[PDB]
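A.B. asks: Take this structure, written in structure tokens, and hold onto it; I'll ask about it next.
Methodologically, a virtual Cβ is constructed for each residue, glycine included, from the backbone with ideal geometry; neighbour enumeration extends over all protein chains shown. Here, each number is a calculation from the coordinates, and none is a lab measurement.
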Amino acid sequence: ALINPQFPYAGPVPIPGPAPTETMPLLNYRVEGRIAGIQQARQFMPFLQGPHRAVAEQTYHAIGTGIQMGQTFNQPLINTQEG
Amino acid sequence: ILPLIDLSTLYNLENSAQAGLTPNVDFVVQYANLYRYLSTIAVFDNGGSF
């Protein structure tokens, strides 16, 4: 702010002001609020809580069976070298 | 005395048929998982014309 003498800035907005209204009042709000609809315990989703496999491992079962059977052919006898 | 991996692996040949081809559009036949595909043969039976 600058004040300049001799033209000085009025020393106030004075008493000639026009009170325009008495509408100043905010009427307090008084209220009762009830949000009470029956609630049912459940919601349907496509899927909740699953941690789906991105790849599975290979998996398997097992079997064996049979017996011990055989047809054989042997090497001929040979002269013994030494000993 | 037996090799166990050889006998628990399967070496198979299998065929299938797919349709829905359209000119200039990529027709894709997906490979399944788990299988180790050694070769692929595709025969374009173009409505009886080869």
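A.B. asks: Which FRET efficiency, nearest 0.05, do B:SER49 and B:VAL29 yield, Cβ-Cβ r, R0 22 Å?
C.D. replies: About 0.65, to the nearest 0.05.
A.B. asks: Starting from the Cα of B:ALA42, step 7 Å along the direction of its Cβ; do the same at B:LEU2; then give the gap between the two resulting points in nm.
C.D. replies: 4.0 nm
A.B. asks: Would you kindly calculate the mean projected area, averaged across all directions, of the convex hull enclosing the Cα atoms of the protein assembly as shown, in square nanometres?
C.D. replies: 45.2 nm²
A.B. asks: Okay, next question. How large is ³J(HN,Hα) for each residue in segment B:41-47, as worked out from phi by the Karplus curve 6.51 cos²θ - 1.76 cosθ + 1.60 (θ = phi - 60°), to whole Hz, x for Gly and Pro?
C.D. replies: Values per residue, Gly and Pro as x: 10, 10, 10, 8, 7, 7, x Hz.
A.B. asks: Could you compute Rg(Cα) / (2.2 N^0.38 Å) for chain B, with N its residue count?
C.D. replies: Relative to the rule-of-thumb radius for its length, chain B sits at 1.70.
A.B. asks: Right, something else. Please work out how much length the chain gains when fully extended from A:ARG42 to A:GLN68, using 0.36 nm per residue of separation minus the C-alpha to C-alpha distance, in nm with one decimal.
C.D. replies: Separation in residues times 0.36 nm, less the Cα-Cα distance, equals 3.1 nm.
A.B. asks: Short version: ³J(HN,Hα) in whole Hz for each residue of segment B:8-22, in order, from phi by Karplus 6.51 cos²θ - 1.76 cosθ + 1.60 (θ = phi - 60°), x for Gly and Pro, what are they?
C.D. replies: So the Karplus estimates, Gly and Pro as x, are 10, 10, 10, 10, 10, 10, 8, 10, 7, 10, 9, 9, x, 7, 9 Hz.
A.B. asks: On to the next question. Please state the charge dipole magnitude for chain A, taken about the Cα centre, from unit charges on C-beta atoms (+1 on K and R, -1 on D and E), reported in debye and rounded to the nearest 20.
C.D. replies: Computed about the Cα centre, the dipole is about 420 debye.
A.B. asks: Which number do you get for Rg(Cα) / (2.2 N^0.38 Å) in segment A:14-83? Spell out each step's value before the answer.
C.D. replies: Working: Rg = 48.9 Å, N = 70, 2.2 N^0.38 = 11.1 Å.
That works out to 4.42 for segment A:14-83.
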